[PDB]
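Visitor: Let me give you the complex in parts, starting here:
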Amino acid sequence: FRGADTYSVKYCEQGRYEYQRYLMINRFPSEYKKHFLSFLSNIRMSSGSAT
Amino acid sequence: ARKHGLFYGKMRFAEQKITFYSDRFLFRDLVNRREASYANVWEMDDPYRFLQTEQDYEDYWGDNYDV
Amino acid sequence: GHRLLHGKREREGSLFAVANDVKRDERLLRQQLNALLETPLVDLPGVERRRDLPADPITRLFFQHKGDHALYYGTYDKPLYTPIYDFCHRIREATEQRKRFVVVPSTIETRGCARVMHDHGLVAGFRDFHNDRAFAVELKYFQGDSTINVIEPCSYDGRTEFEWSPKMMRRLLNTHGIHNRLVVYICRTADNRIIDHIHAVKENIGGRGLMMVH
């Protein structure tokens, strides 16, 4: 069953992250606020203890 | 190798792929590959120059040649 | 103040000379009014503006530029059952009757599909092809028999429409395990240009199915 089967050379000669297509993800403004605040808190987490 | 009562067949193409007559660029790629290709390659040609030792020659060509 | 135009008739502009019938034809009346409204114009097909002229020089040679006399061109009229269905039915009936010319409605899809039939060699030619209501198809026969054997719409009933994918186009090209340039399937692409399955498969696209013919 398909013992000898090959694929294009584009697959093996593509660069990294060439295939990613630009799609605009949409989310609610409440989601925007929630995620922005969460990311800001995570950035501001103080180092030393476990970070 | 074969077993009893199984009537094995023959596979004509290695894989299912588009023929090279269907495009000008596939045709050119096949023509270039054929010109870069041998027609009958023997134990003396370049691809076997890595069998530099008689023991390498014998072990490659005697058994496990399928491998 | 400003009043908006609702229907295609109002948008395209229509005198509505007749008393109350809103759907009256008006094509002829407008044609002769425009004609007497003029003789530097020839009876070759007209185009409303220059940049609309064909790209091919020989076709540009047949086409002429006329300001507003490029409209209402045509001699024949339009003779449920969507235009492709009716086109297939009329051509089949005329071919079985062994006629020469078949007057068939001229829409974007019908006209492109007739052009594709001409390209593949199933119709000898056309008459009044630049008409936007109906055009005549000059059918071709060879030794008493008709070139077209069967012609049928994709929507075998008049209702249900389909959307062919590129996999469908390749399916058609390799139908029944053969390479199939014999029977021609026509599809209208997302660019409103009508192609056969050979070109659709070559271009890796599909479209809305129109009909099959051979």
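Guide: Yes, it's here. Numbering: from 1, shown residues only, chains lettered A, B, ... in the order given.

Visitor: those strands in the chain, which residues are they?
Guide: No chain in the question, so chain A it is. Counting by DSSP state E, chain A has no strands at all.

Visitor: actually chain C
Guide: Taking DSSP E as the criterion, chain C carries its strands at C:46-47, C:64-65, C:101-105, C:123-127, C:134-139, C:141-142, C:145-146, C:151-153, C:184-188, C:194-196, C:208-213.

Visitor: Can you say which helix or strand has residue B:27 in it?
Guide: According to DSSP states H and E, residue B:27 maps onto helix B:24-36.

Visitor: Run through the residues of chain B sitting next to chain A.
Guide: Counting by CB under 8 Å from any CB of the partner chain, chain B comes close to chain A at B:14, B:15, B:16, B:17. Bear in mind the C-beta positions are built from the backbone N, C-alpha and C, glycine included.

Visitor: List the contacts of whichever helix or strand comes after the helix holding residue B:27.
Guide: Using DSSP H and E, the helix or strand that follows helix B:24-36 towards the C-terminus is helix B:54-62. Helix B:54-62 is contacted from outside by B:43, B:50, B:51, using CB atoms under 8 Å, 6 or more residues apart in numbering or on different chains.

Visitor: how close does the nearest residue to the first one once chain neighbours are set aside sit to residue B:38?
Guide: Distances taken as CB to CB, 6 or more residues apart in numbering or on different chains put residue B:61 closest to residue B:43, at 6.9 Å, once the chain neighbours are dropped. Applying CB to CB, to the nearest Å, the value for residue B:61 to residue B:38 is 18 Å.

Visitor: In chain A, what residue comes closest to chain B?
Guide: residue A:4 (4.0 Å; CB to the nearest CB).

Visitor: please slot chain D in as well:
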Amino acid sequence: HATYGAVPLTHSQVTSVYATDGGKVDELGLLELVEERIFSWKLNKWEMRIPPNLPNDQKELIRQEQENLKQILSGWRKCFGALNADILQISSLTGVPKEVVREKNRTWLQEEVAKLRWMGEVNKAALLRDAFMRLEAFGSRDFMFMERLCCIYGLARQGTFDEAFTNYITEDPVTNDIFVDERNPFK
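Guide: The block that follows adds chain D to the chains above:
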């Protein structure tokens, strides 16, 4: 950049604002300086140039005008870059100083191409010939002079570009002294 009270300027107002007296200055040299200043920008520098608190119709019209200006400047940037690339190519292939390359002629081109082809470099001779033929049409030190000057005048009319040509930290090329250059070549 954009300011709460910035506004577009007409011709009389531009002349009144830039009303200065001068007797001698090389238009070509100053234009080259201003164009190098423009070319040494990021696309961001064109961003906040529409004065706010301005009606939406005039705002959109100013947007078209400024986008046209930016596109013309970018086209001239590409043309100038290609012209300089061809200048370097000719100078490298022939060996002549790149300064005197701009005053050569077809006889000199013929002789140099003949020398290259004699030395066995047909592709290199073709490169030299193509570069010279392509450059005799685009190499005039003032090639699109009127277009360039009208573009600069349009920048002046916009009224939001007066401050983008100064206040740059430069270094003295010879003494290597870092300072702030306040001269305004655009002015």
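
Visitor: one step back: need the residues that contact the helix holding residue B:27.
Guide: Outside helix B:24-36, the residues that touch it by CB under 8 Å, 6+ apart are B:18, B:19, B:20, B:21.

Visitor: Put the alpha carbons of it into PDB.
Guide: In PDB, the C-alpha atoms belonging to helix B:24-36 read as follows (Å, rounded to 0.1, in the frame of the first residue of the first chain):
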ATOM      1  CA  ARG B  24       6.800  21.900 -20.400                       C
ATOM      2  CA  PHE B  25       8.700  22.200 -17.100                       C
ATOM      3  CA  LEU B  26       8.300  18.600 -16.100                       C
ATOM      4  CA  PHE B  27       9.500  17.600 -19.600                       C
ATOM      5  CA  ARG B  28      12.600  19.800 -19.300                       C
ATOM      6  CA  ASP B  29      13.300  18.500 -15.800                       C
ATOM      7  CA  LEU B  30      13.100  14.900 -17.000                       C
ATOM      8  CA  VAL B  31      15.300  15.600 -20.000                       C
ATOM      9  CA  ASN B  32      17.900  17.300 -17.800                       C
ATOM     10  CA  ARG B  33      17.800  14.400 -15.300                       C
ATOM     11  CA  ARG B  34      18.200  11.900 -18.100                       C
ATOM     12  CA  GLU B  35      21.200  13.700 -19.500                       C
ATOM     13  CA  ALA B  36      22.700  13.800 -16.000                       C
END
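
Visitor: quick one: buried residues of that helix?
Guide: The neighbour-count check on helix B:24-36 (16 or more other CB atoms under 10 Å in any protein chain shown) flags nothing as buried.

Visitor: what separates that helix from the chain centre, distance-wise?
Guide: Centre-to-centre, helix B:24-36 and its host chain are 17 Å apart (CA atoms, centre = their mean, to the nearest Å).

Visitor: build in chain E:
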Amino acid sequence: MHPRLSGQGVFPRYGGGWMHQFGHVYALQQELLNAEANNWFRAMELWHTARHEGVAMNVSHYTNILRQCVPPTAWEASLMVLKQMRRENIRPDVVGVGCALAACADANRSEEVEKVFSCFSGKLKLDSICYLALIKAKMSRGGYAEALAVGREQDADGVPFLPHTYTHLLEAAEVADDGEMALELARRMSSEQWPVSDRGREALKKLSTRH
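Guide: Take a look at chain E, now in place beside the chains above:
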């Protein structure tokens, strides 16, 4: 100090794209066909390396090798290249033969230029520089009459005259006083609107004293 380019997306499909078992082959081929290379010793050594490594070489490799030998005039290396091409039945190009002729002519090996412009003389459609090489080689030994003869040979062969050929042929006709031949050359030059070089201008001035 690295392969000029080596990786995905730089090599022809029909070879299988980039096979990492032949990176040395690809680098060697790029160095062989390096157009900016100007070291003829490097060219000979690279040809020997390719010979050992068994990479097929076309006429363009030999053309680059010969092109690298003209500025220093390693005419002997150029003749050895031609001998190897004769041995392997690899037909040289017009430009490669012209490079060999240029090396020999600038080296003053008029005998070798004469010999080379006899193996490819009738078969290959030689060109203006190939004929200029014979002109220069003959004028080197002082065969100005034979330089005029090779000028007529070029005329018969049909490859047109170029300003360098005009200058050299005019010099030959100036030293060996051929008023009619120089009249022919001047009329042809005026017809073809060539830029007259300083050497040709001096030859025509010297001849105008006679005629």
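
Visitor: What about the contacts of helix B:24-36 again, now that chain E is present?
Guide: Counting by CB under 8 Å, 6+ apart, B:18, B:19, B:20, B:21, E:12, E:13, E:14, E:15, E:56 sit against helix B:24-36.

Visitor: Pretty sure the fourth one sits in a helix.
Guide: Yes - counting by DSSP: H, G, I helix; E, B strand; the rest coil, one finds residue B:21 located in a helix.

Visitor: quick one, what contacts it?
Guide: Residues near residue B:21 by CB under 8 Å, 6+ apart: residue B:27.

Visitor: where's the residue in chain B that chain E sits nearest to relative to residue E:23, distance?
Guide: Scanning chain B for the residue nearest chain E gives residue B:29, at 3.8 Å (criterion: CB to the nearest CB). Distance of residue B:29 to residue E:23, computed by CB to CB: 21 Å.

Visitor: Nearest to residue C:18, out of the contacts of helix B:24-36: which one, please.
Guide: residue B:18 (60.3 Å; CB to CB).

Visitor: what helix or strand is the closest residue in space to residue D:123 that isn't next to it in sequence on?
Guide: Sequence neighbours aside, residue E:35 is the residue nearest to residue D:123 in space, at 6.9 Å (criterion: CB to CB, 6+ apart). Using DSSP H and E, residue E:35 maps to neither a helix nor a strand.

Visitor: can you check the one 10 residues further on too?
Guide: Taking DSSP H and E as the criterion, residue E:45 maps to helix E:40-53.

Visitor: Touching that helix from outside, list them.
Guide: With contacts defined as CB under 8 Å, 6+ apart, helix E:40-53 is touched by E:24-25, E:28, E:31-32, E:37, E:57, E:61, E:64-65, E:68-69, E:72, E:74, E:77.

Visitor: go on, stretch E:147-166?
Guide: Applying CB under 8 Å, 6+ apart, the contact partners of stretch E:147-166 are D:110-111, D:114, D:118, E:125-128, E:131-132, E:134-135, E:138-139, E:168-169, E:172-173, E:176, E:178, E:181, E:185, E:188-189, E:192, E:194-197, E:200.
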